[PDB]
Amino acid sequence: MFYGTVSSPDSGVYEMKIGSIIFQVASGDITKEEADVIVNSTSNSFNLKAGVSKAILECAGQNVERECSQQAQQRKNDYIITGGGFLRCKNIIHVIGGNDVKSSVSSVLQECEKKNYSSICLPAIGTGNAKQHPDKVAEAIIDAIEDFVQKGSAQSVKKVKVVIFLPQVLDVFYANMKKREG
């Protein structure tokens, strides 16, 4: 059945266990977070600078911007992995906001296990420029984590945190957690 209990460890932050993983949500500025991986939600050319991608590319810096466009011209990518630049992370994984969100999160989880990473921070992927519906996005993100746990794949990954720009989108994620709790 996988799901633990929803609680609030700090004001406006909510968490629950999904198997061995602690899943958390909060509102705020993702560029101020520390994690092994931070996720960007961008366009198919990996050069968008609007919404979360503006915040991430401006903070990360020009060397990360250049790395993205260099990889984009090399081959056709569903996502790319760069350094962290001046963000507080080891790598940034840049996913395409218009793509299937469950598929994108599954890829992020698998890449983090390959690097023996423990912590991930992501935005509400697809809800900005791509204009996917928040309720479908929340369902997809949490389903990806459930499938990863069900397959026995969680080994190094211990914490997955969604830091969300709009409080109204945070409310959608909280309701989805309550629906699933043990």
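The first residue of the shown sequence is 1; numbering continues from there.
*Asks:* On mean Cα temperature factor in this entry, is 30-38 or 66-74 the higher one?
*Replies:* So the stretch with the higher mean C-alpha B-factor is 66-74.
*Asks:* With reference to the PDB entry, specify whether the mean Cα temperature factor is higher for 159-167 or for 10-18.
*Replies:* Taking the mean B-factor of the alpha carbons in each, 10-18 is higher.
*Asks:* From the list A130, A124, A144, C59, select the residue with the highest C-alpha B factor recorded in the entry.
*Replies:* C59 has the highest C-alpha B-factor of those listed.
*Asks:* Looking at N116, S53, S43, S119, which has the biggest Cα B factor in the entry?
*Replies:* Most elevated C-alpha B-factor of the set, per the entry: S43.
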